[PDB]
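J.: my_file-v7.txt is reproduced in full below (compact mmCIF, N, CA and C atoms).
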# COMPACT_ATOMS: atom_id res chain seq x y z
N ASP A 1 -85.34 -7.08 45.30
CA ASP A 1 -84.80 -8.42 45.13
C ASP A 1 -83.68 -8.68 46.13
N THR A 2 -83.94 -9.55 47.10
CA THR A 2 -82.99 -9.85 48.17
C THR A 2 -82.53 -11.30 48.12
N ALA A 3 -82.53 -11.90 46.93
CA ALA A 3 -82.22 -13.33 46.80
C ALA A 3 -80.85 -13.65 47.39
N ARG A 4 -79.81 -12.95 46.93
CA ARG A 4 -78.46 -13.24 47.43
C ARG A 4 -78.35 -12.95 48.92
N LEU A 5 -79.02 -11.90 49.38
CA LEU A 5 -78.95 -11.51 50.78
C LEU A 5 -79.66 -12.52 51.69
N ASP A 6 -80.82 -13.04 51.25
CA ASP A 6 -81.50 -14.05 52.05
C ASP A 6 -80.71 -15.36 52.10
N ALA A 7 -79.94 -15.66 51.06
CA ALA A 7 -79.16 -16.89 50.97
C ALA A 7 -77.75 -16.77 51.55
N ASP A 8 -77.36 -15.59 51.99
CA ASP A 8 -76.00 -15.32 52.46
C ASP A 8 -75.70 -16.08 53.73
N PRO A 9 -74.74 -17.02 53.74
CA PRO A 9 -74.44 -17.73 54.99
C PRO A 9 -73.76 -16.86 56.04
N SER A 10 -73.27 -15.67 55.69
CA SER A 10 -72.64 -14.77 56.65
C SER A 10 -73.61 -13.77 57.27
N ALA A 11 -74.90 -13.84 56.93
CA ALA A 11 -75.93 -12.94 57.43
C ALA A 11 -76.86 -13.64 58.43
N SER A 12 -77.51 -12.83 59.27
CA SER A 12 -78.48 -13.34 60.22
C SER A 12 -79.59 -12.31 60.42
N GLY A 13 -80.71 -12.75 60.98
CA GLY A 13 -81.82 -11.86 61.25
C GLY A 13 -82.50 -11.32 60.00
N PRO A 14 -83.43 -10.39 60.17
CA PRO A 14 -84.23 -9.92 59.04
C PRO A 14 -83.48 -8.90 58.19
N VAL A 15 -83.97 -8.77 56.96
CA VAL A 15 -83.49 -7.76 56.04
C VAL A 15 -84.03 -6.41 56.47
N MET A 16 -83.17 -5.39 56.48
CA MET A 16 -83.62 -4.03 56.76
C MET A 16 -82.60 -3.07 56.15
N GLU A 17 -82.94 -1.78 56.14
CA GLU A 17 -81.96 -0.79 55.69
C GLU A 17 -80.83 -0.67 56.70
N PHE A 18 -79.62 -0.38 56.21
CA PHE A 18 -78.49 -0.27 57.13
C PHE A 18 -78.73 0.82 58.17
N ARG A 19 -79.32 1.95 57.76
CA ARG A 19 -79.61 3.01 58.72
C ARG A 19 -80.63 2.61 59.78
N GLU A 20 -81.38 1.52 59.57
CA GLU A 20 -82.21 0.94 60.62
C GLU A 20 -81.48 -0.10 61.46
N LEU A 21 -80.57 -0.84 60.84
CA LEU A 21 -79.77 -1.83 61.56
C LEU A 21 -78.80 -1.16 62.54
N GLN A 22 -78.12 -0.09 62.11
CA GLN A 22 -77.18 0.66 62.95
C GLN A 22 -77.65 2.11 62.99
N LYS A 23 -78.56 2.41 63.91
CA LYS A 23 -79.19 3.73 63.92
C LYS A 23 -78.16 4.82 64.23
N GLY A 24 -78.39 6.01 63.67
CA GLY A 24 -77.49 7.13 63.86
C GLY A 24 -78.09 8.35 63.21
N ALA A 25 -77.38 9.48 63.34
CA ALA A 25 -77.86 10.75 62.77
C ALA A 25 -77.45 10.89 61.30
N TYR A 26 -77.98 10.00 60.47
CA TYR A 26 -77.58 9.91 59.07
C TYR A 26 -78.06 11.11 58.25
N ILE A 27 -77.24 11.53 57.29
CA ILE A 27 -77.62 12.55 56.32
C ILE A 27 -78.41 11.84 55.22
N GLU A 28 -79.71 12.11 55.13
CA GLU A 28 -80.54 11.45 54.13
C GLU A 28 -79.90 11.62 52.75
N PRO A 29 -79.81 10.56 51.94
CA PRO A 29 -80.31 9.18 52.10
C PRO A 29 -79.24 8.15 52.53
N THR A 30 -78.22 8.57 53.29
CA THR A 30 -77.14 7.68 53.70
C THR A 30 -77.70 6.44 54.38
N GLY A 31 -77.25 5.28 53.93
CA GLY A 31 -77.60 4.04 54.59
C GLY A 31 -78.94 3.48 54.21
N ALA A 32 -79.54 3.95 53.12
CA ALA A 32 -80.87 3.46 52.79
C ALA A 32 -80.84 2.03 52.24
N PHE A 33 -79.69 1.55 51.79
CA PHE A 33 -79.61 0.26 51.10
C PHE A 33 -79.96 -0.90 52.04
N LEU A 34 -80.50 -1.97 51.47
CA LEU A 34 -80.91 -3.14 52.25
C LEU A 34 -79.72 -3.99 52.66
N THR A 35 -79.78 -4.55 53.87
CA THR A 35 -78.68 -5.36 54.39
C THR A 35 -79.24 -6.31 55.44
N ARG A 36 -78.35 -7.11 56.02
CA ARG A 36 -78.67 -7.93 57.17
C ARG A 36 -77.52 -7.82 58.15
N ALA A 37 -77.80 -8.11 59.41
CA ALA A 37 -76.72 -8.25 60.37
C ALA A 37 -75.74 -9.30 59.88
N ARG A 38 -74.47 -9.09 60.19
CA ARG A 38 -73.44 -10.09 59.96
C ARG A 38 -73.38 -11.01 61.16
N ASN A 39 -73.38 -12.32 60.92
CA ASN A 39 -73.18 -13.26 62.01
C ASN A 39 -71.67 -13.50 62.22
N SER A 40 -71.31 -14.65 62.80
CA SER A 40 -69.94 -14.92 63.23
C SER A 40 -69.02 -15.37 62.10
N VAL A 41 -69.57 -15.75 60.95
CA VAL A 41 -68.74 -16.24 59.85
C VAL A 41 -67.70 -15.19 59.48
N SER A 42 -66.44 -15.62 59.40
CA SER A 42 -65.35 -14.71 59.05
C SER A 42 -65.31 -14.53 57.54
N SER A 43 -65.19 -13.28 57.10
CA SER A 43 -65.22 -13.02 55.66
C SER A 43 -63.97 -13.55 55.00
N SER A 44 -64.16 -14.31 53.92
CA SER A 44 -63.05 -14.65 53.06
C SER A 44 -62.68 -13.50 52.13
N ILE A 45 -63.60 -12.56 51.90
CA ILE A 45 -63.46 -11.57 50.84
C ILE A 45 -62.17 -10.77 51.02
N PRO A 46 -61.26 -10.84 50.06
CA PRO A 46 -59.98 -10.15 50.21
C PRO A 46 -60.11 -8.64 50.02
N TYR A 47 -59.16 -7.94 50.61
CA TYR A 47 -59.01 -6.51 50.38
C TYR A 47 -59.01 -6.23 48.88
N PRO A 48 -59.79 -5.26 48.40
CA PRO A 48 -59.87 -5.01 46.94
C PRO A 48 -58.65 -4.23 46.45
N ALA A 49 -57.53 -4.94 46.33
CA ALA A 49 -56.24 -4.29 46.13
C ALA A 49 -56.16 -3.54 44.81
N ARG A 50 -56.88 -3.98 43.79
CA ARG A 50 -56.86 -3.32 42.49
C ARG A 50 -58.04 -2.36 42.29
N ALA A 51 -58.86 -2.14 43.31
CA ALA A 51 -60.01 -1.24 43.17
C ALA A 51 -60.29 -0.55 44.51
N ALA A 52 -59.25 0.02 45.11
CA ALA A 52 -59.32 0.50 46.48
C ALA A 52 -59.44 2.02 46.58
N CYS A 53 -59.81 2.70 45.49
CA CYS A 53 -59.71 4.16 45.47
C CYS A 53 -60.54 4.81 46.57
N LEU A 54 -61.71 4.26 46.89
CA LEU A 54 -62.51 4.91 47.93
C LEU A 54 -61.85 4.76 49.30
N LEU A 55 -61.31 3.58 49.59
CA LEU A 55 -60.55 3.42 50.83
C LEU A 55 -59.36 4.37 50.88
N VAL A 56 -58.63 4.49 49.78
CA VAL A 56 -57.48 5.39 49.75
C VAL A 56 -57.92 6.82 50.01
N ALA A 57 -59.01 7.25 49.36
CA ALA A 57 -59.46 8.63 49.54
C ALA A 57 -59.82 8.91 51.00
N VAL A 58 -60.59 8.01 51.62
CA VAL A 58 -60.99 8.20 53.01
C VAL A 58 -59.77 8.12 53.94
N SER A 59 -58.84 7.21 53.65
CA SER A 59 -57.62 7.09 54.44
C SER A 59 -56.81 8.38 54.40
N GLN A 60 -56.61 8.93 53.20
CA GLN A 60 -55.86 10.18 53.08
C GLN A 60 -56.55 11.33 53.82
N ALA A 61 -57.89 11.34 53.83
CA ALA A 61 -58.62 12.44 54.44
C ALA A 61 -58.59 12.40 55.97
N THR A 62 -58.49 11.21 56.56
CA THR A 62 -58.71 11.00 57.98
C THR A 62 -57.50 10.47 58.74
N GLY A 63 -56.48 9.97 58.04
CA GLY A 63 -55.40 9.25 58.69
C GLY A 63 -55.74 7.83 59.11
N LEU A 64 -56.93 7.34 58.81
CA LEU A 64 -57.29 5.97 59.15
C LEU A 64 -56.62 5.00 58.19
N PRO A 65 -55.92 3.97 58.69
CA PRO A 65 -55.27 3.01 57.78
C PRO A 65 -56.31 2.30 56.93
N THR A 66 -55.95 2.01 55.67
CA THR A 66 -56.90 1.35 54.79
C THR A 66 -57.29 -0.02 55.34
N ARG A 67 -56.34 -0.75 55.93
CA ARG A 67 -56.69 -2.06 56.47
C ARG A 67 -57.71 -1.95 57.60
N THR A 68 -57.70 -0.83 58.33
CA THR A 68 -58.68 -0.63 59.39
C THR A 68 -60.06 -0.36 58.82
N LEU A 69 -60.12 0.51 57.81
CA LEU A 69 -61.37 0.71 57.09
C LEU A 69 -61.92 -0.61 56.59
N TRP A 70 -61.05 -1.43 55.98
CA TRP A 70 -61.50 -2.70 55.42
C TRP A 70 -61.96 -3.65 56.51
N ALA A 71 -61.21 -3.73 57.62
CA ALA A 71 -61.60 -4.59 58.73
C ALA A 71 -62.97 -4.20 59.28
N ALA A 72 -63.23 -2.89 59.40
CA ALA A 72 -64.52 -2.42 59.89
C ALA A 72 -65.65 -2.82 58.96
N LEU A 73 -65.41 -2.70 57.65
CA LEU A 73 -66.42 -3.13 56.68
C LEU A 73 -66.70 -4.63 56.81
N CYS A 74 -65.63 -5.44 56.88
CA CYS A 74 -65.78 -6.89 56.96
C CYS A 74 -66.53 -7.34 58.21
N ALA A 75 -66.47 -6.56 59.29
CA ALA A 75 -67.18 -6.88 60.53
C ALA A 75 -68.63 -6.41 60.54
N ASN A 76 -69.04 -5.58 59.59
CA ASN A 76 -70.32 -4.92 59.70
C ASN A 76 -71.26 -5.12 58.52
N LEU A 77 -70.77 -5.69 57.42
CA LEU A 77 -71.56 -6.03 56.25
C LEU A 77 -71.47 -7.53 55.99
N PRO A 78 -72.55 -8.18 55.58
CA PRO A 78 -72.44 -9.58 55.14
C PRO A 78 -71.80 -9.63 53.76
N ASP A 79 -71.25 -10.80 53.43
CA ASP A 79 -70.43 -10.92 52.22
C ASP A 79 -71.19 -10.49 50.97
N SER A 80 -72.50 -10.77 50.93
CA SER A 80 -73.25 -10.49 49.71
C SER A 80 -73.45 -9.00 49.49
N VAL A 81 -73.34 -8.19 50.54
CA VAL A 81 -73.37 -6.73 50.37
C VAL A 81 -71.96 -6.17 50.20
N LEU A 82 -70.99 -6.76 50.91
CA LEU A 82 -69.59 -6.39 50.73
C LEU A 82 -69.15 -6.57 49.28
N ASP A 83 -69.48 -7.71 48.68
CA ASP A 83 -69.11 -8.02 47.30
C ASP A 83 -70.37 -8.50 46.59
N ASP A 84 -70.98 -7.61 45.80
CA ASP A 84 -72.10 -8.00 44.95
C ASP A 84 -71.63 -8.66 43.66
N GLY A 85 -70.34 -8.95 43.54
CA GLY A 85 -69.75 -9.53 42.35
C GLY A 85 -68.75 -8.62 41.67
N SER A 86 -68.84 -7.31 41.89
CA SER A 86 -68.05 -6.33 41.18
C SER A 86 -66.99 -5.66 42.05
N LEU A 87 -66.86 -6.06 43.32
CA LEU A 87 -65.95 -5.37 44.23
C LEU A 87 -64.51 -5.40 43.72
N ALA A 88 -64.04 -6.54 43.22
CA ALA A 88 -62.63 -6.67 42.87
C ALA A 88 -62.24 -5.81 41.67
N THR A 89 -63.20 -5.47 40.81
CA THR A 89 -62.95 -4.65 39.64
C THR A 89 -63.48 -3.23 39.75
N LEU A 90 -64.68 -3.05 40.30
CA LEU A 90 -65.23 -1.70 40.43
C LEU A 90 -65.01 -1.10 41.81
N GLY A 91 -64.66 -1.90 42.81
CA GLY A 91 -64.36 -1.34 44.11
C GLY A 91 -65.59 -1.00 44.92
N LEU A 92 -65.37 -0.18 45.93
CA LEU A 92 -66.41 0.16 46.89
C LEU A 92 -67.39 1.17 46.30
N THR A 93 -68.57 1.25 46.93
CA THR A 93 -69.62 2.17 46.55
C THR A 93 -69.97 3.06 47.74
N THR A 94 -70.84 4.04 47.49
CA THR A 94 -71.32 4.89 48.58
C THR A 94 -72.16 4.12 49.58
N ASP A 95 -72.62 2.92 49.26
CA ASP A 95 -73.19 2.05 50.28
C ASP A 95 -72.13 1.66 51.31
N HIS A 96 -70.98 1.16 50.85
CA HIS A 96 -69.85 0.92 51.74
C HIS A 96 -69.47 2.19 52.50
N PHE A 97 -69.49 3.34 51.83
CA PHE A 97 -69.13 4.56 52.56
C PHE A 97 -70.06 4.79 53.74
N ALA A 98 -71.35 4.50 53.58
CA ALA A 98 -72.30 4.68 54.68
C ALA A 98 -71.83 3.94 55.93
N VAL A 99 -71.35 2.71 55.77
CA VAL A 99 -70.84 1.95 56.91
C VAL A 99 -69.62 2.62 57.52
N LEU A 100 -68.65 3.02 56.69
CA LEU A 100 -67.47 3.71 57.23
C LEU A 100 -67.85 5.00 57.95
N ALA A 101 -68.84 5.72 57.41
CA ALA A 101 -69.27 6.97 58.04
C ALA A 101 -69.88 6.71 59.41
N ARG A 102 -70.66 5.64 59.54
CA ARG A 102 -71.29 5.35 60.83
C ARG A 102 -70.25 4.98 61.88
N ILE A 103 -69.29 4.14 61.51
CA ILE A 103 -68.32 3.62 62.47
C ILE A 103 -67.31 4.68 62.84
N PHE A 104 -66.80 5.42 61.85
CA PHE A 104 -65.69 6.33 62.07
C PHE A 104 -66.12 7.79 62.20
N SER A 105 -67.43 8.08 62.15
CA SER A 105 -67.98 9.43 62.33
C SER A 105 -67.51 10.38 61.22
N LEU A 106 -68.01 10.12 60.01
CA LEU A 106 -67.56 10.80 58.79
C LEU A 106 -68.73 11.43 58.05
N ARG A 107 -68.42 12.50 57.31
CA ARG A 107 -69.33 13.06 56.32
C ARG A 107 -68.51 13.56 55.15
N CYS A 108 -69.00 13.31 53.94
CA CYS A 108 -68.25 13.61 52.74
C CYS A 108 -69.18 14.17 51.69
N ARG A 109 -68.79 15.30 51.09
CA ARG A 109 -69.49 15.85 49.94
C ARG A 109 -68.91 15.21 48.68
N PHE A 110 -69.69 14.32 48.06
CA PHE A 110 -69.29 13.67 46.82
C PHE A 110 -69.68 14.55 45.64
N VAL A 111 -68.69 14.92 44.85
CA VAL A 111 -68.88 15.83 43.73
C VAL A 111 -68.92 15.00 42.45
N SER A 112 -70.04 15.04 41.72
CA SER A 112 -70.11 14.30 40.47
C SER A 112 -70.74 15.17 39.39
N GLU A 113 -70.70 14.65 38.16
CA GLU A 113 -71.14 15.41 36.99
C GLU A 113 -72.53 16.00 37.17
N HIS A 114 -73.46 15.19 37.68
CA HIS A 114 -74.86 15.58 37.74
C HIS A 114 -75.22 16.37 39.00
N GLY A 115 -74.32 16.49 39.96
CA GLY A 115 -74.60 17.23 41.18
C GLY A 115 -73.88 16.64 42.38
N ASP A 116 -73.78 17.44 43.44
CA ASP A 116 -73.15 17.00 44.67
C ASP A 116 -74.13 16.21 45.51
N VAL A 117 -73.61 15.26 46.28
CA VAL A 117 -74.42 14.55 47.26
C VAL A 117 -73.58 14.40 48.53
N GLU A 118 -74.04 14.97 49.64
CA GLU A 118 -73.32 14.77 50.89
C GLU A 118 -73.88 13.55 51.61
N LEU A 119 -72.98 12.67 52.03
CA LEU A 119 -73.36 11.44 52.71
C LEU A 119 -72.59 11.33 54.01
N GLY A 120 -73.18 10.60 54.95
CA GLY A 120 -72.53 10.35 56.22
C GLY A 120 -73.43 10.73 57.36
N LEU A 121 -72.87 11.32 58.43
CA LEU A 121 -73.62 11.60 59.65
C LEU A 121 -73.64 13.09 59.96
N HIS A 122 -74.77 13.57 60.47
CA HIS A 122 -74.91 14.99 60.79
C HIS A 122 -74.00 15.42 61.92
N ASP A 123 -73.53 14.48 62.74
CA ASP A 123 -72.65 14.78 63.87
C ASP A 123 -71.23 14.24 63.65
N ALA A 124 -70.82 14.12 62.39
CA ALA A 124 -69.49 13.58 62.09
C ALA A 124 -68.40 14.50 62.61
N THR A 125 -67.32 13.91 63.13
CA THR A 125 -66.18 14.72 63.54
C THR A 125 -65.12 14.89 62.45
N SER A 126 -65.25 14.20 61.32
CA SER A 126 -64.38 14.40 60.17
C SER A 126 -65.27 14.72 58.99
N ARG A 127 -64.89 15.75 58.23
CA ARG A 127 -65.62 16.15 57.03
C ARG A 127 -64.62 16.37 55.91
N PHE A 128 -64.98 15.95 54.71
CA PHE A 128 -64.07 16.10 53.57
C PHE A 128 -64.89 16.02 52.29
N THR A 129 -64.19 16.08 51.15
CA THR A 129 -64.82 16.21 49.84
C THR A 129 -64.10 15.31 48.86
N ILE A 130 -64.86 14.53 48.10
CA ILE A 130 -64.33 13.54 47.19
C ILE A 130 -65.02 13.72 45.85
N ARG A 131 -64.23 13.76 44.79
CA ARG A 131 -64.76 13.82 43.44
C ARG A 131 -65.02 12.41 42.93
N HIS A 132 -66.25 12.16 42.52
CA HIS A 132 -66.62 10.87 41.95
C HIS A 132 -66.78 11.05 40.45
N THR A 133 -65.99 10.31 39.69
CA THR A 133 -66.16 10.26 38.25
C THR A 133 -66.69 8.89 37.88
N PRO A 134 -67.83 8.76 37.23
CA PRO A 134 -68.36 7.43 36.93
C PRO A 134 -67.60 6.78 35.78
N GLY A 135 -67.79 5.47 35.64
CA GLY A 135 -67.25 4.81 34.46
C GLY A 135 -67.73 5.48 33.19
N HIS A 136 -66.92 5.49 32.13
CA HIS A 136 -67.40 6.12 30.91
C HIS A 136 -66.52 5.72 29.73
N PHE A 137 -67.10 5.88 28.55
CA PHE A 137 -66.42 5.62 27.29
C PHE A 137 -66.05 6.95 26.64
N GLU A 138 -64.87 6.98 26.02
CA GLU A 138 -64.41 8.12 25.26
C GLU A 138 -63.81 7.62 23.95
N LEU A 139 -64.23 8.22 22.84
CA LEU A 139 -63.62 7.96 21.55
C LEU A 139 -62.16 8.41 21.55
N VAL A 140 -61.27 7.55 21.06
CA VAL A 140 -59.85 7.86 21.00
C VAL A 140 -59.33 7.53 19.60
N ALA A 141 -58.08 7.90 19.35
CA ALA A 141 -57.46 7.65 18.05
C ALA A 141 -57.42 6.16 17.74
N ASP A 142 -57.43 5.84 16.44
CA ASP A 142 -57.56 4.45 15.99
C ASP A 142 -56.53 3.53 16.62
N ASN A 143 -55.27 3.98 16.70
CA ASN A 143 -54.16 3.19 17.23
C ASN A 143 -53.83 3.58 18.66
N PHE A 144 -54.81 4.10 19.40
CA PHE A 144 -54.57 4.46 20.79
C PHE A 144 -54.11 3.25 21.58
N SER A 145 -53.19 3.51 22.50
CA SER A 145 -52.66 2.48 23.38
C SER A 145 -52.31 3.15 24.69
N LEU A 146 -52.65 2.48 25.79
CA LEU A 146 -52.32 2.92 27.14
C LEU A 146 -50.81 2.88 27.35
When written as structure tokens, how does the structure in this file appear?

T.:
Amino acid sequence: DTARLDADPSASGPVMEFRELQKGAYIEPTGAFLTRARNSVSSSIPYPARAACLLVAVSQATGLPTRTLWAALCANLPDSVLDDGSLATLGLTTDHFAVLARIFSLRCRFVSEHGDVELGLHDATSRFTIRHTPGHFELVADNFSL
């Protein structure tokens, strides 16, 4: 289903996987998600200031400023892939990471409950490891308060 992507005024050309749009030595399945080239429209989408953990993690690992990571994303993804509706609350995904890996030459072993997944490029000059914990519910005391 590419409805939002076909209707995106910030996109141009045909729909294809990102790893086909920006070819590189990707670690399968990095970049498999569908996207379109970004045209000249400038992104309104603001920096996800309340959901920036992935940018922070990559910034700490590489010394790359978070605003630079964000600028690179805004130049290389159309708005409908940059923000599928949940960016401001759930933040970036490993789809976004694929773009950062291609531009900045990165590879990261993502550690999660069900198993590790390494994403990025086989010829990356920066390598690091990030723990991914998914959203989840936990039973707490009746009068629990943050």

J.: Provide the atom C of residue A:108 to atom CA of residue A:80 distance in Å, to one decimal place.

T.: 25.1 Å

J.: State, in Å with one decimal place, the distance from atom CA of residue A:6 to atom CA of residue A:34.

T.: 10.9 Å

J.: Under the rule that only N, CA and C atoms are counted, which of A:82, A:11, A:56, A:3 is the nearest residue to residue A:40?

T.: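 Residue with the minimum atom-to-atom distance to residue A:40: A:11.
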
J.: Excluding residue A:19 and its own-chain neighbours fewer than 4 positions away, which residues fall within 8 Å of it when counting only C-alpha atoms? Please give them as a list in words.

T.: residues 23, 24, 26, 30, 31 and 32 of chain A

J.: Write a file of the selected residues as a short mmCIF file (atom, residue, chain, number, x, y, z; two decimals), in the coordinates of the input, keeping N, CA and C atoms.

T.:
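Now in part.cif:
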data_model
loop_
_atom_site.label_atom_id
_atom_site.label_comp_id
_atom_site.auth_asym_id
_atom_site.auth_seq_id
_atom_site.Cartn_x
_atom_site.Cartn_y
_atom_site.Cartn_z
N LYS A 23 -78.56 2.41 63.91
CA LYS A 23 -79.19 3.73 63.92
C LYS A 23 -78.16 4.82 64.23
N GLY A 24 -78.39 6.01 63.67
CA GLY A 24 -77.49 7.13 63.86
C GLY A 24 -78.09 8.35 63.21
N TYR A 26 -77.98 10.00 60.47
CA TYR A 26 -77.58 9.91 59.07
C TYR A 26 -78.06 11.11 58.25
N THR A 30 -78.22 8.57 53.29
CA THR A 30 -77.14 7.68 53.70
C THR A 30 -77.70 6.44 54.38
N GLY A 31 -77.25 5.28 53.93
CA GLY A 31 -77.60 4.04 54.59
C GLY A 31 -78.94 3.48 54.21
N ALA A 32 -79.54 3.95 53.12
CA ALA A 32 -80.87 3.46 52.79
C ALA A 32 -80.84 2.03 52.24
#

J.: Please report the interatomic distance between atom CA of residue A:106 and atom CA of residue A:90 in Å with one decimal.

T.: 22.3 Å

J.: Counting only N, CA and C atoms, which of A:115, A:29, A:78, A:120 gets nearest to residue A:97?

T.: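 For residue A:97, the nearest of the candidates is A:120.
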
J.: Quick one: of A:112, A:94, A:2, A:89, who's nearest to residue A:48, counting only N, CA and C atoms?

T.: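 Using only N, CA and C atoms, residue A:48 sits closest to A:89.
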
J.: Identify, on the basis of only N, CA and C atoms, every residue whose closest approach to stretch 64-76 of chain A does not exceed 6.5 Å; exclude the query and any residue fewer than 3 positions from it along the same chain; express the result as a VMD selection string.

T.: chain A and resid 37 to 38 43 55 to 56 58 to 61

J.: Save the residues we just selected, N, CA and C atoms, as a short mmCIF file (atom, residue, chain, number, x, y, z; two decimals), in the coordinates of the input?

T.:
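Result file is part23.cif:
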data_model
loop_
_atom_site.label_atom_id
_atom_site.label_comp_id
_atom_site.auth_asym_id
_atom_site.auth_seq_id
_atom_site.Cartn_x
_atom_site.Cartn_y
_atom_site.Cartn_z
N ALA A 37 -77.80 -8.11 59.41
CA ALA A 37 -76.72 -8.25 60.37
C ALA A 37 -75.74 -9.30 59.88
N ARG A 38 -74.47 -9.09 60.19
CA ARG A 38 -73.44 -10.09 59.96
C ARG A 38 -73.38 -11.01 61.16
N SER A 43 -65.19 -13.28 57.10
CA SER A 43 -65.22 -13.02 55.66
C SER A 43 -63.97 -13.55 55.00
N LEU A 55 -61.31 3.58 49.59
CA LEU A 55 -60.55 3.42 50.83
C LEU A 55 -59.36 4.37 50.88
N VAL A 56 -58.63 4.49 49.78
CA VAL A 56 -57.48 5.39 49.75
C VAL A 56 -57.92 6.82 50.01
N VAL A 58 -60.59 8.01 51.62
CA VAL A 58 -60.99 8.20 53.01
C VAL A 58 -59.77 8.12 53.94
N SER A 59 -58.84 7.21 53.65
CA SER A 59 -57.62 7.09 54.44
C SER A 59 -56.81 8.38 54.40
N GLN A 60 -56.61 8.93 53.20
CA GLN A 60 -55.86 10.18 53.08
C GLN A 60 -56.55 11.33 53.82
N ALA A 61 -57.89 11.34 53.83
CA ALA A 61 -58.62 12.44 54.44
C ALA A 61 -58.59 12.40 55.97
#

J.: Please give the complete set of residues from stretch 26-117 of chain A that DSSP, run on the backbone, assigns to strand (DSSP E or B), formatted as a PyMOL selection string.

T.: chain A and resi 26+34-38+106-112+115-117

J.: DSSP on the backbone: which residues in chain A end up as alpha helix (DSSP H)? Give the answer as a VMD selection string.

T.: chain A and resid 3 to 7 18 to 21 53 to 62 66 to 76 79 to 82 87 to 90 94 to 104

J.: Can you work out which one of A:88, A:46, A:107, A:114 has the shortest atom-to-atom distance to residue A:130, counting all atoms listed in the file?

T.: A:107

J.: Please list as a list in words every residue within 6.5 Å of residue A:15, counting all atoms listed in the file and excluding residues in the same chain fewer than 2 positions away.

T.: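 Within the cut-off, the hits are residues 13, 17, 34, 35 and 36 of chain A.
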
J.: With only N, CA and C atoms as the atoms that count, which of A:86, A:62, A:12, A:145 lies nearest to residue A:127?

T.: A:62

J.: Applying 7 Å and only N, CA and C atoms, which residues near residue A:131 remain after dropping the ones on its own chain fewer than 5 positions away? List them as number ranges by chain.

T.: A: 109-112
